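**Student:** For reference, this is coords_7.csv, and it has CSV, N, CA, C and O atoms.
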```
chain,number,residue,atom,x,y,z
A,1,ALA,N,31.1,-11.2,-57.9
A,1,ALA,CA,32.3,-10.4,-57.9
A,1,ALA,C,32.1,-8.9,-57.7
A,1,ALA,O,33.0,-8.3,-57.1
A,2,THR,N,31.1,-8.4,-58.2
A,2,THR,CA,30.8,-6.9,-58.1
A,2,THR,C,30.2,-6.5,-56.7
A,2,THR,O,30.3,-5.3,-56.4
A,3,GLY,N,29.8,-7.4,-55.9
A,3,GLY,CA,29.2,-7.1,-54.6
A,3,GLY,C,27.7,-6.9,-54.7
A,3,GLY,O,27.0,-7.2,-55.7
A,4,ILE,N,27.1,-6.4,-53.6
A,4,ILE,CA,25.6,-6.3,-53.4
A,4,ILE,C,25.3,-4.9,-52.8
A,4,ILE,O,26.1,-4.3,-52.1
A,5,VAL,N,24.1,-4.5,-52.9
A,5,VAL,CA,23.5,-3.3,-52.3
A,5,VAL,C,22.2,-3.6,-51.6
A,5,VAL,O,21.4,-4.3,-52.1
A,6,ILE,N,22.1,-3.1,-50.3
A,6,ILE,CA,21.0,-3.3,-49.4
A,6,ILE,C,20.2,-2.1,-49.2
A,6,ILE,O,20.7,-1.0,-48.8
A,7,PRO,N,18.9,-2.1,-49.5
A,7,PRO,CA,18.0,-1.0,-49.3
A,7,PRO,C,17.5,-0.9,-47.8
A,7,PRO,O,17.4,-1.9,-47.1
A,8,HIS,N,17.2,0.3,-47.3
A,8,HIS,CA,16.6,0.5,-46.0
A,8,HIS,C,15.7,1.7,-45.9
A,8,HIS,O,16.0,2.8,-46.2
A,9,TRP,N,14.4,1.5,-45.4
A,9,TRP,CA,13.5,2.5,-45.1
A,9,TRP,C,13.9,3.4,-43.9
A,9,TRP,O,14.4,2.8,-43.0
A,10,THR,N,13.7,4.7,-44.0
A,10,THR,CA,14.1,5.6,-42.9
A,10,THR,C,13.2,6.8,-42.6
A,10,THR,O,13.6,7.8,-42.0
A,11,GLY,N,12.0,6.7,-43.2
A,11,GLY,CA,11.0,7.8,-43.1
A,11,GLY,C,10.4,8.1,-41.7
A,11,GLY,O,9.8,7.2,-41.2
A,12,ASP,N,10.6,9.3,-41.2
A,12,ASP,CA,9.9,9.8,-40.0
A,12,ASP,C,8.4,10.2,-40.3
A,12,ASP,O,8.0,11.3,-40.2
A,13,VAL,N,7.6,9.2,-40.8
A,13,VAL,CA,6.2,9.4,-41.2
A,13,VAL,C,5.4,9.8,-40.0
A,13,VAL,O,5.6,9.3,-38.9
A,14,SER,N,4.4,10.6,-40.2
A,14,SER,CA,3.6,11.3,-39.1
A,14,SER,C,2.1,11.3,-39.4
A,14,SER,O,1.7,11.1,-40.5
A,15,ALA,N,1.3,11.6,-38.3
A,15,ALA,CA,-0.1,11.8,-38.4
A,15,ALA,C,-0.6,12.8,-37.4
A,15,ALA,O,0.1,12.9,-36.3
A,16,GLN,N,-1.7,13.4,-37.6
A,16,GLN,CA,-2.2,14.5,-36.7
A,16,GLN,C,-3.7,14.3,-36.4
A,16,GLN,O,-4.5,14.0,-37.3
A,17,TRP,N,-4.1,14.7,-35.2
A,17,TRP,CA,-5.5,14.8,-34.8
A,17,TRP,C,-6.1,16.2,-35.3
A,17,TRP,O,-5.4,17.2,-35.2
A,18,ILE,N,-7.3,16.2,-35.8
A,18,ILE,CA,-7.9,17.3,-36.5
A,18,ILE,C,-9.4,17.5,-36.1
A,18,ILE,O,-10.0,16.5,-35.7
A,19,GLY,N,-10.0,18.7,-36.1
A,19,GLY,CA,-11.4,18.9,-35.9
A,19,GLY,C,-12.2,18.6,-37.2
A,19,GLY,O,-11.7,18.3,-38.3
A,20,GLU,N,-13.6,18.9,-37.1
A,20,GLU,CA,-14.4,19.0,-38.2
A,20,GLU,C,-14.1,20.3,-39.0
A,20,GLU,O,-14.0,21.3,-38.4
A,21,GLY,N,-13.9,20.1,-40.3
A,21,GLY,CA,-13.5,21.3,-41.2
A,21,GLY,C,-12.1,21.8,-41.0
A,21,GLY,O,-11.8,22.9,-41.5
A,22,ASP,N,-11.2,21.2,-40.3
A,22,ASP,CA,-9.8,21.5,-40.2
A,22,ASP,C,-9.0,21.0,-41.4
A,22,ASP,O,-9.4,20.0,-42.0
A,23,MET,N,-7.9,21.6,-41.7
A,23,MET,CA,-7.1,21.3,-42.9
A,23,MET,C,-6.2,20.1,-42.6
A,23,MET,O,-5.4,20.1,-41.7
A,24,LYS,N,-6.4,19.1,-43.4
A,24,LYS,CA,-5.6,17.8,-43.3
A,24,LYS,C,-4.2,18.0,-43.7
A,24,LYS,O,-3.9,18.4,-44.8
A,25,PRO,N,-3.1,17.7,-42.9
A,25,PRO,CA,-1.8,18.1,-43.1
A,25,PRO,C,-1.0,17.1,-44.0
A,25,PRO,O,-1.5,16.0,-44.3
A,26,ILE,N,0.2,17.5,-44.5
A,26,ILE,CA,0.9,16.8,-45.6
A,26,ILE,C,2.2,16.2,-45.0
A,26,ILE,O,2.9,16.8,-44.3
A,27,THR,N,2.5,14.9,-45.4
A,27,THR,CA,3.7,14.2,-45.0
A,27,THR,C,4.5,13.5,-46.1
A,27,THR,O,3.9,13.2,-47.1
A,28,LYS,N,5.7,13.2,-45.9
A,28,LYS,CA,6.7,12.7,-46.9
A,28,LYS,C,7.6,11.6,-46.3
A,28,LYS,O,8.1,11.7,-45.2
A,29,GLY,N,7.8,10.5,-47.0
A,29,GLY,CA,8.7,9.3,-46.6
A,29,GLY,C,10.2,9.5,-46.9
A,29,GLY,O,10.5,10.5,-47.5
A,30,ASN,N,11.0,8.6,-46.6
A,30,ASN,CA,12.4,8.6,-46.9
A,30,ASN,C,13.1,7.2,-46.9
A,30,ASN,O,12.7,6.3,-46.2
A,31,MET,N,14.2,7.0,-47.7
A,31,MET,CA,14.9,5.8,-47.9
A,31,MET,C,16.4,6.0,-48.1
A,31,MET,O,16.8,7.1,-48.5
A,32,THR,N,17.2,5.0,-47.8
A,32,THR,CA,18.6,5.0,-48.0
A,32,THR,C,19.1,3.6,-48.5
A,32,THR,O,18.3,2.6,-48.6
A,33,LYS,N,20.4,3.5,-48.9
A,33,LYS,CA,21.0,2.2,-49.3
A,33,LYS,C,22.5,2.1,-48.9
A,33,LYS,O,23.1,3.2,-48.7
A,34,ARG,N,23.1,1.0,-48.8
A,34,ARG,CA,24.5,0.7,-48.5
A,34,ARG,C,25.0,-0.5,-49.3
A,34,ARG,O,24.3,-1.4,-49.5
A,35,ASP,N,26.3,-0.5,-49.7
A,35,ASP,CA,26.9,-1.5,-50.5
A,35,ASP,C,28.0,-2.3,-49.8
A,35,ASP,O,28.7,-1.8,-49.0
A,36,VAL,N,28.2,-3.5,-50.2
A,36,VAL,CA,29.2,-4.5,-49.7
A,36,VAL,C,29.9,-5.2,-50.9
A,36,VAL,O,29.3,-5.6,-51.8
A,37,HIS,N,31.2,-5.3,-50.8
A,37,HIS,CA,32.1,-5.9,-51.8
A,37,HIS,C,32.9,-7.0,-51.3
A,37,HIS,O,33.4,-6.9,-50.1
A,38,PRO,N,33.1,-8.1,-52.0
A,38,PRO,CA,34.1,-9.2,-51.6
A,38,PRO,C,35.5,-8.8,-51.4
A,38,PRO,O,35.9,-7.7,-51.9
A,39,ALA,N,36.3,-9.6,-50.8
A,39,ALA,CA,37.7,-9.5,-50.7
A,39,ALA,C,38.4,-10.9,-50.9
A,39,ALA,O,37.8,-11.9,-50.8
A,40,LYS,N,39.7,-10.8,-51.2
A,40,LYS,CA,40.5,-11.9,-51.7
A,40,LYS,C,41.5,-12.4,-50.5
A,40,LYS,O,42.1,-11.6,-49.9
A,41,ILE,N,41.5,-13.7,-50.3
A,41,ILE,CA,42.5,-14.4,-49.4
A,41,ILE,C,43.3,-15.3,-50.2
A,41,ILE,O,42.8,-16.0,-51.1
A,42,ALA,N,44.6,-15.3,-50.0
A,42,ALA,CA,45.6,-16.1,-50.8
A,42,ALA,C,46.9,-16.4,-50.1
A,42,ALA,O,47.3,-15.7,-49.2
A,43,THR,N,47.6,-17.4,-50.5
A,43,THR,CA,48.9,-17.8,-50.0
A,43,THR,C,49.7,-18.7,-51.0
A,43,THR,O,49.1,-19.3,-51.9
A,44,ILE,N,51.0,-18.7,-50.9
A,44,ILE,CA,51.9,-19.5,-51.7
A,44,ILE,C,52.8,-20.4,-50.9
A,44,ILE,O,53.3,-19.9,-49.9
A,45,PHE,N,53.1,-21.6,-51.3
A,45,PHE,CA,54.1,-22.4,-50.7
A,45,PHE,C,55.1,-23.0,-51.8
A,45,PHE,O,54.7,-23.3,-52.9
A,46,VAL,N,56.3,-23.2,-51.4
A,46,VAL,CA,57.5,-23.4,-52.4
A,46,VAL,C,58.3,-24.6,-52.0
A,46,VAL,O,58.6,-24.8,-50.8
A,47,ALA,N,58.8,-25.4,-52.9
A,47,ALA,CA,59.7,-26.6,-52.7
A,47,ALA,C,60.7,-26.7,-53.8
A,47,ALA,O,60.6,-26.2,-54.9
A,48,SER,N,61.9,-27.3,-53.5
A,48,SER,CA,62.8,-27.7,-54.5
A,48,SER,C,62.2,-28.8,-55.4
A,48,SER,O,61.4,-29.6,-55.0
A,49,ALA,N,62.6,-28.8,-56.7
A,49,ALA,CA,62.1,-29.9,-57.6
A,49,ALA,C,62.5,-31.3,-57.2
A,49,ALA,O,61.8,-32.2,-57.4
A,50,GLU,N,63.6,-31.4,-56.4
A,50,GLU,CA,64.0,-32.7,-55.8
A,50,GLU,C,63.0,-33.1,-54.7
A,50,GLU,O,62.6,-34.3,-54.7
B,1,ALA,N,59.6,-56.5,-32.0
B,1,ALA,CA,60.8,-56.5,-31.2
B,1,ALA,C,61.8,-55.3,-31.5
B,1,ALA,O,62.4,-54.8,-30.6
B,2,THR,N,61.8,-54.7,-32.7
B,2,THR,CA,62.6,-53.5,-33.0
B,2,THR,C,62.0,-52.2,-32.6
B,2,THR,O,62.7,-51.2,-32.5
B,3,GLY,N,60.7,-52.2,-32.2
B,3,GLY,CA,60.0,-51.0,-31.8
B,3,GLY,C,59.2,-50.4,-33.0
B,3,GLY,O,59.0,-51.0,-34.0
B,4,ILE,N,58.8,-49.1,-32.8
B,4,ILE,CA,58.0,-48.3,-33.7
B,4,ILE,C,58.4,-46.9,-33.8
B,4,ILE,O,59.0,-46.4,-32.8
B,5,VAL,N,58.1,-46.3,-34.9
B,5,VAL,CA,58.3,-44.8,-35.1
B,5,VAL,C,56.9,-44.2,-35.4
B,5,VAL,O,56.1,-44.7,-36.2
B,6,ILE,N,56.6,-43.1,-34.7
B,6,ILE,CA,55.3,-42.4,-34.8
B,6,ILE,C,55.6,-41.0,-35.4
B,6,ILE,O,56.4,-40.2,-34.9
B,7,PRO,N,54.9,-40.6,-36.5
B,7,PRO,CA,55.0,-39.3,-37.1
B,7,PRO,C,54.1,-38.3,-36.4
B,7,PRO,O,53.0,-38.6,-35.9
B,8,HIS,N,54.4,-37.0,-36.5
B,8,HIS,CA,53.5,-35.9,-36.0
B,8,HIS,C,53.7,-34.6,-36.7
B,8,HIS,O,54.8,-34.0,-36.8
B,9,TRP,N,52.6,-34.0,-37.3
B,9,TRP,CA,52.5,-32.7,-37.9
B,9,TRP,C,52.7,-31.6,-36.9
B,9,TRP,O,52.0,-31.6,-35.9
B,10,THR,N,53.4,-30.5,-37.2
B,10,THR,CA,53.7,-29.4,-36.3
B,10,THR,C,53.6,-28.0,-36.9
B,10,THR,O,53.9,-27.0,-36.3
B,11,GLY,N,53.3,-27.9,-38.2
B,11,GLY,CA,53.3,-26.7,-38.9
B,11,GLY,C,52.2,-25.7,-38.7
B,11,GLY,O,51.0,-26.1,-38.9
B,12,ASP,N,52.5,-24.5,-38.4
B,12,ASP,CA,51.5,-23.3,-38.4
B,12,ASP,C,51.4,-22.7,-39.7
B,12,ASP,O,52.0,-21.6,-40.0
B,13,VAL,N,50.7,-23.3,-40.7
B,13,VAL,CA,50.5,-22.8,-42.0
B,13,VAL,C,49.6,-21.5,-41.9
B,13,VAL,O,48.8,-21.4,-41.0
B,14,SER,N,49.8,-20.5,-42.9
B,14,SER,CA,49.1,-19.2,-42.8
B,14,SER,C,48.7,-18.7,-44.2
B,14,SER,O,49.2,-19.0,-45.2
B,15,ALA,N,47.7,-17.8,-44.1
B,15,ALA,CA,47.2,-17.0,-45.3
B,15,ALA,C,46.9,-15.6,-44.9
B,15,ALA,O,46.8,-15.3,-43.7
B,16,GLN,N,46.7,-14.7,-45.9
B,16,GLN,CA,46.4,-13.3,-45.6
B,16,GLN,C,45.4,-12.7,-46.5
B,16,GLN,O,45.3,-13.1,-47.7
B,17,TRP,N,44.7,-11.7,-46.1
B,17,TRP,CA,43.8,-10.9,-46.9
B,17,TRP,C,44.6,-9.9,-47.7
B,17,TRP,O,45.5,-9.2,-47.2
B,18,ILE,N,44.3,-9.8,-49.0
B,18,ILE,CA,45.0,-8.9,-50.0
B,18,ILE,C,44.0,-8.1,-50.8
B,18,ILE,O,42.9,-8.6,-51.2
B,19,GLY,N,44.4,-6.9,-51.2
B,19,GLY,CA,43.6,-6.1,-52.2
B,19,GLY,C,43.8,-6.5,-53.6
B,19,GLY,O,44.7,-7.4,-53.9
B,20,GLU,N,43.1,-5.9,-54.6
B,20,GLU,CA,43.5,-6.1,-56.0
B,20,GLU,C,44.9,-5.5,-56.3
B,20,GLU,O,45.1,-4.4,-55.9
B,21,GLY,N,45.7,-6.3,-56.9
B,21,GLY,CA,47.1,-5.9,-57.2
B,21,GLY,C,48.1,-5.9,-56.1
B,21,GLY,O,49.3,-5.6,-56.3
B,22,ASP,N,47.7,-6.3,-54.8
B,22,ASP,CA,48.6,-6.6,-53.8
B,22,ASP,C,49.3,-8.0,-54.1
B,22,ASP,O,48.7,-8.8,-54.7
B,23,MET,N,50.6,-8.1,-53.6
B,23,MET,CA,51.4,-9.3,-54.0
B,23,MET,C,51.3,-10.3,-52.9
B,23,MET,O,51.5,-10.0,-51.7
B,24,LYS,N,51.0,-11.6,-53.2
B,24,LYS,CA,50.7,-12.7,-52.2
B,24,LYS,C,51.8,-13.0,-51.3
B,24,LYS,O,53.0,-12.9,-51.7
B,25,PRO,N,51.6,-13.5,-50.0
B,25,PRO,CA,52.6,-13.9,-49.1
B,25,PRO,C,53.0,-15.4,-49.3
B,25,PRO,O,52.3,-16.1,-50.0
B,26,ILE,N,54.1,-15.8,-48.6
B,26,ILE,CA,54.7,-17.2,-48.7
B,26,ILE,C,54.7,-17.9,-47.4
B,26,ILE,O,55.0,-17.3,-46.4
B,27,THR,N,54.4,-19.2,-47.3
B,27,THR,CA,54.2,-20.0,-46.1
B,27,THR,C,54.9,-21.4,-46.2
B,27,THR,O,55.2,-21.8,-47.3
B,28,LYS,N,55.1,-22.0,-45.0
B,28,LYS,CA,55.8,-23.3,-45.0
B,28,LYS,C,55.2,-24.2,-43.9
B,28,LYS,O,54.9,-23.7,-42.8
B,29,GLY,N,55.1,-25.5,-44.1
B,29,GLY,CA,54.7,-26.5,-43.1
B,29,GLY,C,55.8,-27.0,-42.2
B,29,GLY,O,57.0,-26.5,-42.3
B,30,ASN,N,55.6,-28.0,-41.3
B,30,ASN,CA,56.6,-28.6,-40.5
B,30,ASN,C,56.2,-30.0,-40.0
B,30,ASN,O,55.0,-30.2,-39.9
B,31,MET,N,57.1,-30.9,-39.7
B,31,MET,CA,56.8,-32.2,-39.2
B,31,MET,C,57.9,-32.7,-38.2
B,31,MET,O,59.0,-32.2,-38.2
B,32,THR,N,57.6,-33.7,-37.4
B,32,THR,CA,58.5,-34.4,-36.5
B,32,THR,C,58.2,-35.9,-36.4
B,32,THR,O,57.2,-36.4,-36.9
B,33,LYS,N,59.0,-36.7,-35.7
B,33,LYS,CA,58.8,-38.1,-35.4
B,33,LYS,C,59.4,-38.5,-34.0
B,33,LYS,O,60.3,-37.8,-33.5
B,34,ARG,N,58.9,-39.5,-33.4
B,34,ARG,CA,59.4,-40.1,-32.2
B,34,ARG,C,59.5,-41.7,-32.3
B,34,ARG,O,58.6,-42.3,-32.9
B,35,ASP,N,60.5,-42.3,-31.7
B,35,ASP,CA,60.7,-43.8,-31.7
B,35,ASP,C,60.5,-44.4,-30.3
B,35,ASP,O,60.9,-43.7,-29.3
B,36,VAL,N,60.0,-45.6,-30.2
B,36,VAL,CA,59.7,-46.3,-29.0
B,36,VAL,C,60.2,-47.8,-29.1
B,36,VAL,O,59.8,-48.4,-30.0
B,37,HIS,N,60.9,-48.3,-28.1
B,37,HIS,CA,61.4,-49.7,-28.1
B,37,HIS,C,61.0,-50.5,-26.8
B,37,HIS,O,60.9,-49.8,-25.8
B,38,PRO,N,60.7,-51.8,-26.9
B,38,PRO,CA,60.4,-52.6,-25.7
B,38,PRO,C,61.5,-52.7,-24.6
B,38,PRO,O,62.7,-52.4,-24.9
B,39,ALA,N,61.1,-53.2,-23.5
B,39,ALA,CA,62.0,-53.6,-22.4
B,39,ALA,C,61.5,-55.0,-21.8
B,39,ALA,O,60.4,-55.4,-22.0
B,40,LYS,N,62.4,-55.6,-21.2
B,40,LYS,CA,62.3,-57.0,-20.7
B,40,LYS,C,62.1,-57.1,-19.2
B,40,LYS,O,62.9,-56.5,-18.4
B,41,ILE,N,61.1,-57.8,-18.7
B,41,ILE,CA,60.9,-58.2,-17.3
B,41,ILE,C,61.3,-59.7,-17.2
B,41,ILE,O,60.8,-60.5,-18.0
B,42,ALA,N,62.0,-60.1,-16.1
B,42,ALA,CA,62.3,-61.5,-15.9
B,42,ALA,C,62.5,-61.9,-14.4
B,42,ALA,O,62.8,-61.0,-13.6
B,43,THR,N,62.3,-63.1,-14.1
B,43,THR,CA,62.6,-63.6,-12.7
B,43,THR,C,62.8,-65.2,-12.7
B,43,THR,O,62.4,-65.9,-13.6
B,44,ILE,N,63.5,-65.7,-11.7
B,44,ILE,CA,63.8,-67.1,-11.5
B,44,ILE,C,63.4,-67.6,-10.1
B,44,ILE,O,63.4,-66.8,-9.2
B,45,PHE,N,62.9,-68.8,-10.0
B,45,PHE,CA,62.8,-69.5,-8.7
B,45,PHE,C,63.4,-70.9,-8.7
B,45,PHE,O,63.5,-71.5,-9.8
B,46,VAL,N,63.8,-71.4,-7.6
B,46,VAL,CA,64.6,-72.6,-7.4
B,46,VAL,C,64.1,-73.5,-6.3
B,46,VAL,O,63.7,-73.0,-5.3
B,47,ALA,N,64.1,-74.8,-6.5
B,47,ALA,CA,63.6,-75.8,-5.6
B,47,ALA,C,64.5,-77.0,-5.6
B,47,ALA,O,65.2,-77.3,-6.6
B,48,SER,N,64.5,-77.8,-4.5
B,48,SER,CA,65.1,-79.1,-4.4
B,48,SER,C,64.4,-80.1,-5.3
B,48,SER,O,63.2,-80.0,-5.4
B,49,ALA,N,65.1,-81.1,-5.9
B,49,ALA,CA,64.4,-82.1,-6.7
B,49,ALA,C,63.5,-82.9,-5.8
B,49,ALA,O,62.5,-83.5,-6.2
B,50,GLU,N,63.7,-83.0,-4.5
B,50,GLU,CA,62.8,-83.6,-3.4
B,50,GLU,C,61.5,-82.8,-3.4
B,50,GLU,O,60.4,-83.4,-3.4
```
Could you render the structure from this file as structure tokens?
**Tutor:**
Amino acid sequence: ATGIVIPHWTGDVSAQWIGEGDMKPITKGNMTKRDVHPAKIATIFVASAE
Amino acid sequence: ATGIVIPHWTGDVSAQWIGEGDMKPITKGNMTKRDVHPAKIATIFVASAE
């Protein structure tokens, strides 16, 4: 009844070519999420008691 | 000899999507019938008693 949430990776992760004694560079990842909820379908029908 | 009656459903029943606290819709069915009776084929032929 409360619904669900879906995770998703989205990091533009990187790497670099370097020489001997060159400074090794720094990188960072990233993530997001999205949610989904149910919905109700319903109908009524009516008659005389006869 | 009296023939037959054939029933047939014809109703476009319906439902709808509703939010929390929306008030439900109302719907109705439908039906029909058809009757069928026989018919007679006949013929005569005639000859001399000779």
**Student:** May I have the protein, DNA and RNA residues with an atom at most 6 Å from (55.6, -39.0, -35.8), counting all atoms listed in the file in the file's coordinates, returned as an mmCIF file with N, CA, C and O atoms, keeping the file's coordinate frame?
**Tutor:**
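Printed below is part_8.cif as written:
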```cif
data_model
loop_
_atom_site.group_PDB
_atom_site.id
_atom_site.type_symbol
_atom_site.label_atom_id
_atom_site.label_comp_id
_atom_site.auth_asym_id
_atom_site.auth_seq_id
_atom_site.Cartn_x
_atom_site.Cartn_y
_atom_site.Cartn_z
ATOM 1 N N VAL B 5 58.100 -46.300 -34.900
ATOM 2 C CA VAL B 5 58.300 -44.800 -35.100
ATOM 3 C C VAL B 5 56.900 -44.200 -35.400
ATOM 4 O O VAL B 5 56.100 -44.700 -36.200
ATOM 5 N N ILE B 6 56.600 -43.100 -34.700
ATOM 6 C CA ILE B 6 55.300 -42.400 -34.800
ATOM 7 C C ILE B 6 55.600 -41.000 -35.400
ATOM 8 O O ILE B 6 56.400 -40.200 -34.900
ATOM 9 N N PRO B 7 54.900 -40.600 -36.500
ATOM 10 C CA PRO B 7 55.000 -39.300 -37.100
ATOM 11 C C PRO B 7 54.100 -38.300 -36.400
ATOM 12 O O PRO B 7 53.000 -38.600 -35.900
ATOM 13 N N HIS B 8 54.400 -37.000 -36.500
ATOM 14 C CA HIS B 8 53.500 -35.900 -36.000
ATOM 15 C C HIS B 8 53.700 -34.600 -36.700
ATOM 16 O O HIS B 8 54.800 -34.000 -36.800
ATOM 17 N N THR B 32 57.600 -33.700 -37.400
ATOM 18 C CA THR B 32 58.500 -34.400 -36.500
ATOM 19 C C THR B 32 58.200 -35.900 -36.400
ATOM 20 O O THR B 32 57.200 -36.400 -36.900
ATOM 21 N N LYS B 33 59.000 -36.700 -35.700
ATOM 22 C CA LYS B 33 58.800 -38.100 -35.400
ATOM 23 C C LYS B 33 59.400 -38.500 -34.000
ATOM 24 O O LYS B 33 60.300 -37.800 -33.500
ATOM 25 N N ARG B 34 58.900 -39.500 -33.400
ATOM 26 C CA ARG B 34 59.400 -40.100 -32.200
ATOM 27 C C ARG B 34 59.500 -41.700 -32.300
ATOM 28 O O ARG B 34 58.600 -42.300 -32.900
#
```
**Student:** Please check the contacts: residues of chain A at most 6 Å away from chain B, using only N, CA, C and O atoms, listed as a list in words.
**Tutor:**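 The answer, sorted by residue number, is residues 39, 40, 41, 42, 43, 44, 45 and 46 of chain A.
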**Student:** Would you list the contacts of residue 37 of chain B as a PDB file with N, CA, C and O atoms, keeping the file's coordinate frame, taking every protein, DNA or RNA residue within 6 Å and counting all atoms listed in the file, but skipping same-chain residues closer than 3 positions in sequence?
**Tutor:**
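Just written: out.pdb:
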```pdb
ATOM      1  N   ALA B   1      59.600 -56.500 -32.000  1.00  0.00           N
ATOM      2  CA  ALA B   1      60.800 -56.500 -31.200  1.00  0.00           C
ATOM      3  C   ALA B   1      61.800 -55.300 -31.500  1.00  0.00           C
ATOM      4  O   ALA B   1      62.400 -54.800 -30.600  1.00  0.00           O
ATOM      5  N   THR B   2      61.800 -54.700 -32.700  1.00  0.00           N
ATOM      6  CA  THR B   2      62.600 -53.500 -33.000  1.00  0.00           C
ATOM      7  C   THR B   2      62.000 -52.200 -32.600  1.00  0.00           C
ATOM      8  O   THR B   2      62.700 -51.200 -32.500  1.00  0.00           O
ATOM      9  N   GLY B   3      60.700 -52.200 -32.200  1.00  0.00           N
ATOM     10  CA  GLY B   3      60.000 -51.000 -31.800  1.00  0.00           C
ATOM     11  C   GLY B   3      59.200 -50.400 -33.000  1.00  0.00           C
ATOM     12  O   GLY B   3      59.000 -51.000 -34.000  1.00  0.00           O
ATOM     13  N   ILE B   4      58.800 -49.100 -32.800  1.00  0.00           N
ATOM     14  CA  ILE B   4      58.000 -48.300 -33.700  1.00  0.00           C
ATOM     15  C   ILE B   4      58.400 -46.900 -33.800  1.00  0.00           C
ATOM     16  O   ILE B   4      59.000 -46.400 -32.800  1.00  0.00           O
TER      17      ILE B   4
END
```
**Student:** Please indicate the distance in Å from atom CA of residue 31 of chain B to atom O of residue 12 of chain B, rounded to one decimal place.
**Tutor:** 11.7 Å
**Student:** Name the residues of segment 7-36 of chain B that come out as strand (DSSP E or B) in a backbone DSSP run; write them as a list in words.
**Tutor:**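 Of segment 7-36 of chain B, only residues 7, 8, 9, 16, 17, 18, 26, 31, 32, 33, 34, 35 and 36 of chain B fall in strand (DSSP E or B).
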**Student:** What does the distance from atom CA of residue 36 of chain B to atom CA of residue 10 of chain B come to in Å, to one decimal?
**Tutor:** 19.4 Å
**Student:** Can you measure atom CA of residue 35 of chain B to atom CA of residue 50 of chain A for me? One decimal in Å is fine.
**Tutor:**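 Atom CA of residue 50 of chain A lies 26.7 Å from atom CA of residue 35 of chain B.
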